[PDB]
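Read through the structure below, which is laid out as structure tokens, and then see the notes.
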There are 2 protein chains.
Amino acid sequence: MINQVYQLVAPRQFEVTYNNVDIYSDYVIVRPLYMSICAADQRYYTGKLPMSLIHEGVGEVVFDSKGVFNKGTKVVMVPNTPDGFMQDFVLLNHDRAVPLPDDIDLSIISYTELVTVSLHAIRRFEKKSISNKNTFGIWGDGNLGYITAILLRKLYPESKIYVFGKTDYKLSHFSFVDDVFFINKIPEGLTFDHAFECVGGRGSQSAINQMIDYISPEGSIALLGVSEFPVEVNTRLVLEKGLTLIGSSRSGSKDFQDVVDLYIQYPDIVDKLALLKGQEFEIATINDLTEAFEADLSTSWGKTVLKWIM
Amino acid sequence: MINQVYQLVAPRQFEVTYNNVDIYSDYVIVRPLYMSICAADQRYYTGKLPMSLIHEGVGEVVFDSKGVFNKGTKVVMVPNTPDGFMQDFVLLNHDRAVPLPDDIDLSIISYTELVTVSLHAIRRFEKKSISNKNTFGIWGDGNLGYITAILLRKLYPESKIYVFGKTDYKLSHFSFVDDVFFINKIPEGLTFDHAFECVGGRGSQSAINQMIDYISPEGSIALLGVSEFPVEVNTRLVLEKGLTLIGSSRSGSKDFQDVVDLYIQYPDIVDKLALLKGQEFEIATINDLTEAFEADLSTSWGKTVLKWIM
């Protein structure tokens with residue numbers, strides 16, 4: 001069987017290559033159905049030169065030679081922890097494909113990787129150490145901040161949550177949060193014992209510095225924002241306050257299974273996650289990809305989803 | 001009763017003031033016997049202008065109106081967690097003075113605060129999480145690095161310890177360590193799961209960056225070096241590796257009691273700590289203080305101890 005792989009050959013330039021696919025291999029052959037563009041894929045799109053791009057998606061099983069998943073089973077695809085999804089067929093190990101419930105909105109299950117990242121970070125805090133009596137802080141009014149707020153509220157129901165961001169636009173989407181602040185306007189006496197840093201790039205430095213100042217002593221901080229650079233950190237205060245800083249990144253197949261199991265538990269999560277769904281595009285040519293990527297560039301809030309009909 | 005307080009009134013300038021002391025107060029009146037100059041006191045000596053300086057010391061109880069400690073009991077003095085010891089009498093709460101065994105070298109028990117700092121840092125790692133099967137790294141071939149190596153070896157006997165420093169002079173004092181390295185010459189494939197950052201100032205940044213690189217994934221790092229400044233930190237790697245960074249500073253009275261209880265357990269500690277004892281000075285005038293402080297400035301390795309005979 002022949003597989004068409006849609007690779008990025010140059011910034012703002014896609015081209016199709018071919019490779020052979022063994023139906024009777026120990027993998028599970030999957031056709032991607034919906035996928036979502038990620039910031040990391042946008043870095044490459046604009047600026048290992050030939051490669052496939054998307055790595056968050058869900059699809060249907062068209063073949064499973066080992067006979068584990070029946071044909072047509074809708075499954076969320078886990079990528080490799082250290083080749084993308086823009087192709088006619090994706091081959092996964094049987095532990096790298098998580099079955100979904102029979103009826104579910106796939107267009108928003110596409111960005112389940114962000115939820116796994118968020119849930120992984122949350123589980124970095126010992127579950128036995130955190131109750132509904134703690135108080136959480138979240139820097140970042142974007143997708144990670146939103147998903148993290150959702151997860152904390154659903155699974156720490158009686159807890160208190162504060163969100164710190166930069167724009168009224170993005171912060172209005174946080175209604176289930178106990179209170180919402182600007183980084184420009186933080187009141188004195190505000191306190192919390194656990195905090196999540198969901199801001200990237202150069203802004204992560206400012207985020208980290210603020211949560212160092214405002215966090216309660218002996219508090220813990222989970223880092224999520226990628227800097228791809230060094231950031232100045234005030235270590236004197238981490239010492240004086242006894243702060244524990246935990247960095248957490250790539251998630252595991254367990255995080256995907258747990259997130260799926262949570263979709264089953266609180267379908268409220270799927271409905272709240274829908275508010276992250278920005279613009280959607282049906283992809284049937286290459287032109288549809290260039291247009292879709294230009295749109296995710298111009299996108300203010302939320303994720304861009306692609307409907308794979310190649 | 002009249003107390004003479006020897007304060008620093010100007011950089012390189014001491015002067016004596018007076019204040020009244022109530023023998024019959026709820027405190028315990030203590031005459032300091034031996035004390036040791038600390039880097040923090042040297043910052044002020046050279047460059048809250050009027051204040052007393054030394055904060056690590058041991059002395060004898062001359063009065064205890066509440067009747068808890070008998071007169072002459074030799075006790076290690078705990079300072080206040082957020083006024084110094086260069087005075088004829090020091091008043092402590094009954095929980096701020098730890099009794100010592102009857103026969104012990106006081107000239108080296110003077111710098112028990114460094115041991116409490118080190119032990120506090122070690123206990124930041126959950127004791128149930130660390131066995132004699134772990135492998136420790138220590139940046140810094142100075143006093144904190146030496147004390148930390150001592151404590152780890154005594155209480156994690158079958159564990160492995162590596163020390164990283166800058167000078168052959170200081171690193172030769174580490175013989176009980178499994179192996180000793182330069183920061184200039186670190187071999188590939190070197191690995192460890194828990195690490196201690198015992199370097200201060202601008203050098204802490206380099207230390208932190210190195211232990212970020214070489215530490216095993218999911219490893220923990222205890223920060224001890226004070227920077228009094230920001231330091232660039234590579235957060236991308238803390239994320240990719242899942243590193244947990246714990247800052248730990250001022251110790252508690254529990255740390256002093258535990259350190260004392262350890263002196264009782266392994267008197268080997270007191271003998272190894274003696275190798276830190278640099279130059280000793282009998283202080284009977286102000287001139288003896290200026291000379292002593294100039295000497296702790298010129299000191300390469302170890303602590304400077306003062307014999308209080310004012």
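Following the order of the structure tokens, first chain is A, next is B, and so on, with residues numbered from 1 inside each chain and ligands from 1 in the order they appear.
Proximity to residue 59 (chain A) at 6 Å, evaluated using only C-alpha atoms and with sequence-adjacent residues fewer than 5 positions away removed, yields residues 31, 32, 33, 74 and 75 of chain A.
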Would you put the residues from that selection into a file with C-alpha atoms, as a PDB file, in the first residue's frame?
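Okay, this is what ended up in selection15.pdb:
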```
ATOM      1  CA  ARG A  31      -6.380   7.508   8.909  1.00  0.00           C
ATOM      2  CA  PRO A  32      -6.305  10.912  10.607  1.00  0.00           C
ATOM      3  CA  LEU A  33      -9.717  12.587  10.790  1.00  0.00           C
ATOM      4  CA  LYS A  74     -12.215   6.219  16.607  1.00  0.00           C
ATOM      5  CA  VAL A  75      -8.910   6.665  18.454  1.00  0.00           C
TER       6      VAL A  75
END
```
Using only C-alpha atoms, tabulate the residues of chain B lying at most 6 Å from any atom of chain A, each with its closest atom pair and that distance in Å to one decimal, by chain and increasing residue number, as JSON lines.
```
{"residue": "B:226", "atom": "CA", "partner": "A:236", "partner_atom": "CA", "distance": 5.7}
{"residue": "B:227", "atom": "CA", "partner": "A:236", "partner_atom": "CA", "distance": 5.9}
{"residue": "B:228", "atom": "CA", "partner": "A:236", "partner_atom": "CA", "distance": 5.8}
{"residue": "B:230", "atom": "CA", "partner": "A:234", "partner_atom": "CA", "distance": 4.6}
{"residue": "B:231", "atom": "CA", "partner": "A:232", "partner_atom": "CA", "distance": 5.3}
{"residue": "B:232", "atom": "CA", "partner": "A:232", "partner_atom": "CA", "distance": 4.3}
{"residue": "B:233", "atom": "CA", "partner": "A:230", "partner_atom": "CA", "distance": 5.2}
{"residue": "B:234", "atom": "CA", "partner": "A:230", "partner_atom": "CA", "distance": 4.6}
{"residue": "B:236", "atom": "CA", "partner": "A:226", "partner_atom": "CA", "distance": 5.7}
{"residue": "B:238", "atom": "CA", "partner": "A:247", "partner_atom": "CA", "distance": 5.1}
{"residue": "B:239", "atom": "CA", "partner": "A:247", "partner_atom": "CA", "distance": 4.2}
{"residue": "B:240", "atom": "CA", "partner": "A:249", "partner_atom": "CA", "distance": 5.6}
{"residue": "B:242", "atom": "CA", "partner": "A:248", "partner_atom": "CA", "distance": 4.8}
{"residue": "B:243", "atom": "CA", "partner": "A:247", "partner_atom": "CA", "distance": 5.6}
{"residue": "B:244", "atom": "CA", "partner": "A:246", "partner_atom": "CA", "distance": 4.2}
{"residue": "B:245", "atom": "CA", "partner": "A:245", "partner_atom": "CA", "distance": 4.9}
{"residue": "B:246", "atom": "CA", "partner": "A:244", "partner_atom": "CA", "distance": 4.2}
{"residue": "B:247", "atom": "CA", "partner": "A:239", "partner_atom": "CA", "distance": 4.2}
{"residue": "B:248", "atom": "CA", "partner": "A:239", "partner_atom": "CA", "distance": 4.6}
{"residue": "B:249", "atom": "CA", "partner": "A:239", "partner_atom": "CA", "distance": 5.1}
```
Keeping only N, CA, C and O atoms, write those residues as a compact mmCIF listing (two decimals), in the first residue's frame.
```txt
# COMPACT_ATOMS: atom_id res chain seq x y z
N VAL B 226 23.38 31.50 47.89
CA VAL B 226 22.67 32.77 47.82
C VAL B 226 23.23 33.60 46.68
O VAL B 226 24.45 33.78 46.58
N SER B 227 22.35 34.15 45.83
CA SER B 227 22.85 34.93 44.70
C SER B 227 22.78 36.42 44.93
O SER B 227 23.55 37.16 44.31
N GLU B 228 21.80 36.90 45.70
CA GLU B 228 21.57 38.33 45.92
C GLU B 228 21.43 39.06 44.59
O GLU B 228 21.74 40.24 44.48
N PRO B 230 19.65 38.12 40.31
CA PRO B 230 19.12 37.09 39.43
C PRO B 230 20.25 36.31 38.77
O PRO B 230 21.39 36.77 38.68
N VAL B 231 19.91 35.10 38.36
CA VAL B 231 20.82 34.21 37.65
C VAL B 231 20.05 33.59 36.49
O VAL B 231 18.91 33.14 36.66
N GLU B 232 20.69 33.51 35.33
CA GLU B 232 20.06 32.91 34.16
C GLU B 232 19.88 31.42 34.38
O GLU B 232 20.83 30.71 34.73
N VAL B 233 18.67 30.93 34.15
CA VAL B 233 18.38 29.52 34.33
C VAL B 233 17.77 28.97 33.06
O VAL B 233 16.88 29.59 32.47
N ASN B 234 18.27 27.81 32.63
CA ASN B 234 17.74 27.11 31.46
C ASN B 234 16.52 26.29 31.84
O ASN B 234 16.60 25.11 32.17
N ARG B 236 14.12 25.33 29.81
CA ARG B 236 13.75 24.33 28.82
C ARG B 236 14.15 22.94 29.26
O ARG B 236 13.38 21.98 29.14
N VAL B 238 14.81 22.01 32.46
CA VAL B 238 14.08 21.60 33.65
C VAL B 238 12.77 20.97 33.24
O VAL B 238 12.32 20.01 33.86
N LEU B 239 12.18 21.47 32.14
CA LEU B 239 10.95 20.88 31.62
C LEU B 239 11.23 19.51 30.98
O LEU B 239 10.64 18.49 31.37
N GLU B 240 12.18 19.47 30.05
CA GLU B 240 12.42 18.23 29.32
C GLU B 240 12.81 17.10 30.27
O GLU B 240 12.42 15.94 30.07
N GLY B 242 12.11 17.08 33.68
CA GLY B 242 11.25 16.94 34.83
C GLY B 242 11.97 17.15 36.14
O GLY B 242 11.69 16.46 37.12
N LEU B 243 12.89 18.10 36.17
CA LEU B 243 13.68 18.35 37.36
C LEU B 243 12.84 19.10 38.38
O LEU B 243 12.05 19.98 38.02
N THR B 244 13.03 18.77 39.65
CA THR B 244 12.40 19.50 40.76
C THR B 244 13.52 20.23 41.49
O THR B 244 14.60 19.67 41.68
N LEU B 245 13.37 21.54 41.62
CA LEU B 245 14.36 22.42 42.24
C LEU B 245 13.80 22.96 43.54
O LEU B 245 12.78 23.64 43.54
N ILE B 246 14.48 22.66 44.65
CA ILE B 246 14.00 23.08 45.97
C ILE B 246 15.00 24.04 46.57
O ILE B 246 16.18 23.69 46.75
N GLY B 247 14.54 25.24 46.92
CA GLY B 247 15.41 26.19 47.61
C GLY B 247 15.19 26.05 49.11
O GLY B 247 14.08 25.82 49.57
N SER B 248 16.28 26.18 49.86
CA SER B 248 16.17 26.00 51.30
C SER B 248 17.14 26.94 51.98
O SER B 248 18.32 27.00 51.60
N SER B 249 16.67 27.68 52.99
CA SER B 249 17.60 28.59 53.64
C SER B 249 17.61 28.48 55.16
O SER B 249 18.15 27.52 55.73
```
Q.
Run DSSP on the backbone and tell me which residues of region 109-181 of chain B come out as strand (DSSP E or B); list them as a PyMOL selection string.
A. chain B and resi 135-139+160-165+179-181
Export N, CA and C atoms of the chosen residues as a PDB file, in the first residue's frame?
```
ATOM      1  N   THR B 135      22.685   8.494  44.321  1.00  0.00           N
ATOM      2  CA  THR B 135      24.009   9.025  44.011  1.00  0.00           C
ATOM      3  C   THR B 135      23.936  10.538  44.007  1.00  0.00           C
ATOM      4  N   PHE B 136      24.732  11.181  44.843  1.00  0.00           N
ATOM      5  CA  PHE B 136      24.633  12.613  45.072  1.00  0.00           C
ATOM      6  C   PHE B 136      25.727  13.375  44.347  1.00  0.00           C
ATOM      7  N   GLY B 137      25.375  14.570  43.910  1.00  0.00           N
ATOM      8  CA  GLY B 137      26.338  15.494  43.361  1.00  0.00           C
ATOM      9  C   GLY B 137      26.332  16.737  44.219  1.00  0.00           C
ATOM     10  N   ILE B 138      27.506  17.353  44.341  1.00  0.00           N
ATOM     11  CA  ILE B 138      27.707  18.526  45.180  1.00  0.00           C
ATOM     12  C   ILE B 138      28.570  19.519  44.413  1.00  0.00           C
ATOM     13  N   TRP B 139      28.009  20.687  44.089  1.00  0.00           N
ATOM     14  CA  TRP B 139      28.809  21.745  43.487  1.00  0.00           C
ATOM     15  C   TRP B 139      29.336  22.662  44.572  1.00  0.00           C
ATOM     16  N   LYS B 160      26.630   6.951  47.062  1.00  0.00           N
ATOM     17  CA  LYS B 160      27.761   7.434  46.283  1.00  0.00           C
ATOM     18  C   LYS B 160      27.700   8.952  46.244  1.00  0.00           C
ATOM     19  N   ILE B 161      28.864   9.602  46.365  1.00  0.00           N
ATOM     20  CA  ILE B 161      28.966  11.063  46.438  1.00  0.00           C
ATOM     21  C   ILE B 161      30.033  11.549  45.464  1.00  0.00           C
ATOM     22  N   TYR B 162      29.685  12.547  44.647  1.00  0.00           N
ATOM     23  CA  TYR B 162      30.631  13.238  43.777  1.00  0.00           C
ATOM     24  C   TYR B 162      30.642  14.719  44.146  1.00  0.00           C
ATOM     25  N   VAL B 163      31.826  15.332  44.081  1.00  0.00           N
ATOM     26  CA  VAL B 163      32.018  16.733  44.434  1.00  0.00           C
ATOM     27  C   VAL B 163      32.685  17.432  43.266  1.00  0.00           C
ATOM     28  N   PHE B 164      32.167  18.620  42.932  1.00  0.00           N
ATOM     29  CA  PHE B 164      32.674  19.398  41.815  1.00  0.00           C
ATOM     30  C   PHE B 164      33.132  20.739  42.333  1.00  0.00           C
ATOM     31  N   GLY B 165      34.369  21.102  42.005  1.00  0.00           N
ATOM     32  CA  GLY B 165      34.864  22.352  42.516  1.00  0.00           C
ATOM     33  C   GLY B 165      35.769  23.047  41.547  1.00  0.00           C
ATOM     34  N   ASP B 179      34.344  10.219  44.485  1.00  0.00           N
ATOM     35  CA  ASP B 179      35.209  10.754  43.449  1.00  0.00           C
ATOM     36  C   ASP B 179      35.024  12.275  43.439  1.00  0.00           C
ATOM     37  N   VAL B 180      36.039  12.985  42.943  1.00  0.00           N
ATOM     38  CA  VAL B 180      36.081  14.447  42.971  1.00  0.00           C
ATOM     39  C   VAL B 180      36.434  14.991  41.586  1.00  0.00           C
ATOM     40  N   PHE B 181      35.711  16.029  41.127  1.00  0.00           N
ATOM     41  CA  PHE B 181      35.926  16.548  39.775  1.00  0.00           C
ATOM     42  C   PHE B 181      36.154  18.057  39.752  1.00  0.00           C
TER      43      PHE B 181
END
```
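Reported to one decimal place, the separation of CA of residue 149 (chain B) from CA of residue 191 (chain B) is 17.1 Å.
Using only C-alpha atoms, the residues found no farther than 9 Å from residue 276 (chain A), other than those of its own chain fewer than 6 positions away, are residues 108, 143, 146, 147, 301, 302, 303 and 304 of chain A.
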Q: Using DSSP on the backbone, list every residue of region 13-200 of chain A that comes out as alpha helix (DSSP H), and give them as a ChimeraX atom specification.
A: /A:39-46,106-109,112-124,143-155,168-171
Serialized selection, N, CA and C atoms, as a CSV table (one decimal), in the first residue's frame:
```csv
chain,number,residue,atom,x,y,z
A,39,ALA,N,1.7,25.6,18.1
A,39,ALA,CA,2.8,26.6,18.1
A,39,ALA,C,4.2,26.1,17.6
A,40,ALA,N,4.4,24.8,18.0
A,40,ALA,CA,5.7,24.2,17.5
A,40,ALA,C,5.7,24.0,16.0
A,41,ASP,N,4.6,23.6,15.5
A,41,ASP,CA,4.5,23.4,14.0
A,41,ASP,C,4.5,24.8,13.3
A,42,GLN,N,4.0,25.8,14.0
A,42,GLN,CA,4.1,27.2,13.4
A,42,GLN,C,5.5,27.7,13.4
A,43,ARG,N,6.4,27.3,14.4
A,43,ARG,CA,7.7,27.8,14.4
A,43,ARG,C,8.4,27.3,13.1
A,44,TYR,N,8.2,26.1,12.7
A,44,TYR,CA,8.8,25.6,11.5
A,44,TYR,C,8.2,26.1,10.2
A,45,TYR,N,6.9,26.3,10.2
A,45,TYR,CA,6.2,26.8,9.0
A,45,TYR,C,6.8,28.1,8.5
A,46,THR,N,7.2,29.0,9.5
A,46,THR,CA,7.7,30.3,9.1
A,46,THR,C,9.2,30.5,9.4
A,106,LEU,N,-15.2,15.0,17.8
A,106,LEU,CA,-13.8,14.7,17.5
A,106,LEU,C,-13.1,16.0,17.2
A,107,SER,N,-13.7,17.0,16.6
A,107,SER,CA,-13.1,18.2,16.2
A,107,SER,C,-12.4,18.9,17.4
A,108,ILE,N,-12.8,18.6,18.7
A,108,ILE,CA,-12.2,19.2,19.8
A,108,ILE,C,-11.4,18.2,20.6
A,109,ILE,N,-11.6,16.9,20.4
A,109,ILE,CA,-10.7,15.9,20.9
A,109,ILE,C,-9.4,16.0,20.2
A,112,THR,N,-6.1,17.0,22.3
A,112,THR,CA,-6.1,16.4,23.6
A,112,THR,C,-4.6,16.4,24.1
A,113,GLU,N,-3.7,16.6,23.3
A,113,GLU,CA,-2.3,16.7,23.8
A,113,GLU,C,-2.1,17.8,24.8
A,114,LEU,N,-2.8,19.0,24.5
A,114,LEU,CA,-2.7,20.1,25.5
A,114,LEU,C,-3.2,19.6,26.8
A,115,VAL,N,-4.3,18.9,26.8
A,115,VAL,CA,-4.9,18.4,28.0
A,115,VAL,C,-4.0,17.5,28.7
A,116,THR,N,-3.3,16.6,28.0
A,116,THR,CA,-2.4,15.7,28.6
A,116,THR,C,-1.2,16.5,29.3
A,117,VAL,N,-0.7,17.5,28.6
A,117,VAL,CA,0.3,18.3,29.2
A,117,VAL,C,-0.1,18.9,30.5
A,118,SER,N,-1.3,19.5,30.5
A,118,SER,CA,-1.9,20.1,31.7
A,118,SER,C,-2.1,19.1,32.8
A,119,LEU,N,-2.7,18.0,32.5
A,119,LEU,CA,-2.9,16.9,33.5
A,119,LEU,C,-1.6,16.4,34.0
A,120,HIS,N,-0.6,16.2,33.2
A,120,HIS,CA,0.7,15.8,33.6
A,120,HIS,C,1.2,16.7,34.6
A,121,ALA,N,1.2,18.0,34.3
A,121,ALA,CA,1.7,19.0,35.3
A,121,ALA,C,0.9,18.9,36.6
A,122,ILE,N,-0.4,18.8,36.5
A,122,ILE,CA,-1.2,18.8,37.8
A,122,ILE,C,-0.8,17.5,38.6
A,123,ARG,N,-0.6,16.4,37.9
A,123,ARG,CA,-0.2,15.2,38.7
A,123,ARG,C,1.2,15.3,39.2
A,124,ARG,N,2.0,16.3,38.7
A,124,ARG,CA,3.4,16.5,39.3
A,124,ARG,C,3.2,16.8,40.8
A,143,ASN,N,-4.3,29.2,25.9
A,143,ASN,CA,-4.9,27.8,25.9
A,143,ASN,C,-4.5,27.0,27.0
A,144,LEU,N,-3.2,27.0,27.4
A,144,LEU,CA,-2.8,26.2,28.5
A,144,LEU,C,-3.4,26.7,29.8
A,145,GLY,N,-3.4,28.0,30.0
A,145,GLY,CA,-4.1,28.5,31.2
A,145,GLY,C,-5.5,28.1,31.3
A,146,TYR,N,-6.3,28.1,30.1
A,146,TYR,CA,-7.7,27.8,30.1
A,146,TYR,C,-7.9,26.3,30.5
A,147,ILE,N,-7.1,25.4,29.8
A,147,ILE,CA,-7.2,24.0,30.0
A,147,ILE,C,-6.9,23.7,31.5
A,148,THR,N,-5.8,24.3,32.0
A,148,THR,CA,-5.4,24.0,33.4
A,148,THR,C,-6.5,24.4,34.3
A,149,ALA,N,-7.1,25.6,34.1
A,149,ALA,CA,-8.2,26.0,35.0
A,149,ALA,C,-9.3,25.0,34.9
A,150,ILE,N,-9.7,24.6,33.7
A,150,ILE,CA,-10.7,23.6,33.6
A,150,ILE,C,-10.5,22.3,34.4
A,151,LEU,N,-9.3,21.8,34.3
A,151,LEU,CA,-8.9,20.5,34.9
A,151,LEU,C,-8.9,20.7,36.4
A,152,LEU,N,-8.3,21.8,36.9
A,152,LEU,CA,-8.3,22.0,38.3
A,152,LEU,C,-9.7,22.1,38.9
A,153,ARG,N,-10.6,22.9,38.2
A,153,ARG,CA,-11.9,23.0,38.8
A,153,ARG,C,-12.7,21.7,38.8
A,154,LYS,N,-12.5,20.9,37.7
A,154,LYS,CA,-13.3,19.7,37.6
A,154,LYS,C,-12.8,18.7,38.7
A,155,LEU,N,-11.5,18.5,38.9
A,155,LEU,CA,-11.1,17.5,39.8
A,155,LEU,C,-10.7,18.0,41.2
A,168,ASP,N,-8.2,41.5,28.5
A,168,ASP,CA,-9.6,41.2,28.9
A,168,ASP,C,-10.3,40.2,28.0
A,169,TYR,N,-9.9,40.3,26.7
A,169,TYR,CA,-10.5,39.3,25.7
A,169,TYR,C,-10.3,37.9,26.2
A,170,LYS,N,-9.0,37.5,26.5
A,170,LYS,CA,-8.8,36.1,26.9
A,170,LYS,C,-9.2,35.8,28.3
A,171,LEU,N,-9.1,36.8,29.2
A,171,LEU,CA,-9.5,36.5,30.6
A,171,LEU,C,-11.0,36.3,30.7
```
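Remark: for residue 156 (chain B), the closest of the candidate residues B:127, B:254, B:202, B:185 is B:127 (distances computed over only C-alpha atoms).
Across the structure, CA of residue 279 (chain A) and CA of residue 306 (chain A) are spaced 8.7 Å apart.
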Q.
Need to verify the contact set: residue 280 (chain A), 12 Å, only C-alpha atoms, exclusion of same-chain residues closer than 6 positions in sequence. Can you return it as JSON, numbers by chain?
A. {"A": [34, 35, 36, 37, 107, 108, 110, 288, 289, 291, 292, 293, 295, 296, 299, 302, 303, 304, 305, 306, 307, 308]}
Store the residues picked out above in a file with N, CA and C atoms, as a compact mmCIF listing (two decimals), in the first residue's frame.
```txt
# COMPACT_ATOMS: atom_id res chain seq x y z
N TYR A 34 -9.36 14.45 12.35
CA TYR A 34 -9.20 15.84 12.74
C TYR A 34 -7.85 16.04 13.44
N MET A 35 -7.21 17.18 13.16
CA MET A 35 -5.94 17.50 13.79
C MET A 35 -5.86 19.01 13.98
N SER A 36 -4.95 19.44 14.86
CA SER A 36 -4.90 20.85 15.26
C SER A 36 -3.44 21.31 15.20
N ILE A 37 -3.26 22.53 14.70
CA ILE A 37 -1.96 23.15 14.50
C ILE A 37 -1.44 23.60 15.85
N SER A 107 -13.75 17.00 16.58
CA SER A 107 -13.06 18.23 16.23
C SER A 107 -12.40 18.89 17.44
N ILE A 108 -12.84 18.60 18.65
CA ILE A 108 -12.19 19.19 19.81
C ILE A 108 -11.37 18.16 20.58
N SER A 110 -9.33 16.62 19.03
CA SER A 110 -8.06 16.73 18.29
C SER A 110 -6.95 17.31 19.18
N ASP A 288 -5.32 24.38 0.80
CA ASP A 288 -6.09 24.42 2.04
C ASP A 288 -5.18 24.42 3.26
N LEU A 289 -3.98 23.85 3.12
CA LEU A 289 -3.02 23.87 4.21
C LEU A 289 -2.39 25.24 4.37
N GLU A 291 -3.61 28.15 3.51
CA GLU A 291 -4.65 29.01 4.09
C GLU A 291 -4.85 28.73 5.58
N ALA A 292 -4.91 27.45 5.96
CA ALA A 292 -5.15 27.10 7.36
C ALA A 292 -4.03 27.60 8.26
N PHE A 293 -2.79 27.51 7.78
CA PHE A 293 -1.66 27.90 8.61
C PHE A 293 -1.59 29.42 8.74
N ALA A 295 -4.14 31.28 8.78
CA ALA A 295 -5.20 31.59 9.73
C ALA A 295 -4.79 31.34 11.18
N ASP A 296 -4.13 30.21 11.47
CA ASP A 296 -3.68 29.96 12.85
C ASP A 296 -2.63 30.98 13.28
N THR A 299 -4.69 33.98 14.35
CA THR A 299 -5.65 33.64 15.40
C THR A 299 -5.27 34.30 16.71
N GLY A 302 -7.49 30.53 21.07
CA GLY A 302 -7.95 29.19 20.79
C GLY A 302 -7.12 28.45 19.76
N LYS A 303 -7.52 27.21 19.51
CA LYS A 303 -6.83 26.33 18.57
C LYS A 303 -7.49 26.28 17.19
N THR A 304 -6.66 26.06 16.18
CA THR A 304 -7.12 25.84 14.81
C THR A 304 -7.15 24.35 14.50
N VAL A 305 -8.31 23.87 14.06
CA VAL A 305 -8.56 22.46 13.79
C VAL A 305 -8.62 22.22 12.29
N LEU A 306 -8.11 21.07 11.86
CA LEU A 306 -8.11 20.68 10.46
C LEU A 306 -8.92 19.41 10.29
N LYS A 307 -9.81 19.43 9.30
CA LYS A 307 -10.60 18.27 8.95
C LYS A 307 -9.90 17.60 7.77
N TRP A 308 -9.38 16.40 8.01
CA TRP A 308 -8.56 15.71 7.03
C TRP A 308 -9.49 15.00 6.05
```
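For residue 190 (chain B), the non-local neighbours within 10 Å, defined as residues at least 2 positions apart in the same chain or in other chains and counting only C-alpha atoms, are residues 162, 186, 187, 188, 192, 214, 215 and 216 of chain B.
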How about saving the chosen residues, N, CA, C and O atoms kept, as a PDB file, in the first residue's frame?
```pdb
ATOM      1  N   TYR B 162      29.685  12.547  44.647  1.00  0.00           N
ATOM      2  CA  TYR B 162      30.631  13.238  43.777  1.00  0.00           C
ATOM      3  C   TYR B 162      30.642  14.719  44.146  1.00  0.00           C
ATOM      4  O   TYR B 162      29.597  15.300  44.475  1.00  0.00           O
ATOM      5  N   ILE B 186      34.897  17.390  33.453  1.00  0.00           N
ATOM      6  CA  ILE B 186      33.827  16.468  33.812  1.00  0.00           C
ATOM      7  C   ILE B 186      33.709  15.403  32.727  1.00  0.00           C
ATOM      8  O   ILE B 186      33.533  15.736  31.547  1.00  0.00           O
ATOM      9  N   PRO B 187      33.798  14.124  33.075  1.00  0.00           N
ATOM     10  CA  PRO B 187      33.739  13.050  32.077  1.00  0.00           C
ATOM     11  C   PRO B 187      32.324  12.812  31.576  1.00  0.00           C
ATOM     12  O   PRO B 187      31.341  12.980  32.302  1.00  0.00           O
ATOM     13  N   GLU B 188      32.235  12.397  30.315  1.00  0.00           N
ATOM     14  CA  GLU B 188      30.956  11.988  29.757  1.00  0.00           C
ATOM     15  C   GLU B 188      30.437  10.735  30.425  1.00  0.00           C
ATOM     16  O   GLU B 188      31.197   9.892  30.911  1.00  0.00           O
ATOM     17  N   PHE B 192      23.900  11.105  38.212  1.00  0.00           N
ATOM     18  CA  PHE B 192      23.525  11.175  39.620  1.00  0.00           C
ATOM     19  C   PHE B 192      22.062  11.590  39.658  1.00  0.00           C
ATOM     20  O   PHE B 192      21.581  12.272  38.742  1.00  0.00           O
ATOM     21  N   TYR B 214      23.940  17.897  33.608  1.00  0.00           N
ATOM     22  CA  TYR B 214      24.432  16.552  33.909  1.00  0.00           C
ATOM     23  C   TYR B 214      23.485  15.695  34.752  1.00  0.00           C
ATOM     24  O   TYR B 214      23.672  14.471  34.790  1.00  0.00           O
ATOM     25  N   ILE B 215      22.431  16.265  35.343  1.00  0.00           N
ATOM     26  CA  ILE B 215      21.606  15.498  36.270  1.00  0.00           C
ATOM     27  C   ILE B 215      20.742  14.521  35.490  1.00  0.00           C
ATOM     28  O   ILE B 215      20.367  14.756  34.328  1.00  0.00           O
ATOM     29  N   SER B 216      20.480  13.379  36.117  1.00  0.00           N
ATOM     30  CA  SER B 216      19.609  12.386  35.521  1.00  0.00           C
ATOM     31  C   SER B 216      18.203  12.959  35.391  1.00  0.00           C
ATOM     32  O   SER B 216      17.782  13.780  36.215  1.00  0.00           O
TER      33      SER B 216
END
```
Q.
For residue 64 (chain A), find every residue with an atom within 9 Å (counting only C-alpha atoms), except residues of its own chain fewer than 3 positions away, and show them as number ranges by chain.
A. A: 23-30, 61, 67-71, 94
Convert the current residue selection to file output with C-alpha atoms, as a compact mmCIF listing (two decimals), in the first residue's frame.
```
# COMPACT_ATOMS: atom_id res chain seq x y z
CA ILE A 23 -0.94 -3.61 6.30
CA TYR A 24 0.30 -6.79 7.99
CA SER A 25 2.81 -5.21 10.34
CA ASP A 26 2.64 -5.16 14.12
CA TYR A 27 1.33 -1.61 13.95
CA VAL A 28 -2.19 -0.21 13.70
CA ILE A 29 -2.84 1.73 10.48
CA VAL A 30 -4.92 4.85 11.18
CA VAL A 61 -8.50 2.67 12.51
CA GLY A 67 -6.37 -7.73 15.61
CA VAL A 68 -6.62 -5.46 18.67
CA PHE A 69 -8.82 -2.58 17.47
CA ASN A 70 -11.80 -3.24 15.26
CA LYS A 71 -11.93 -1.33 12.00
CA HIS A 94 -1.03 -0.64 19.95
```
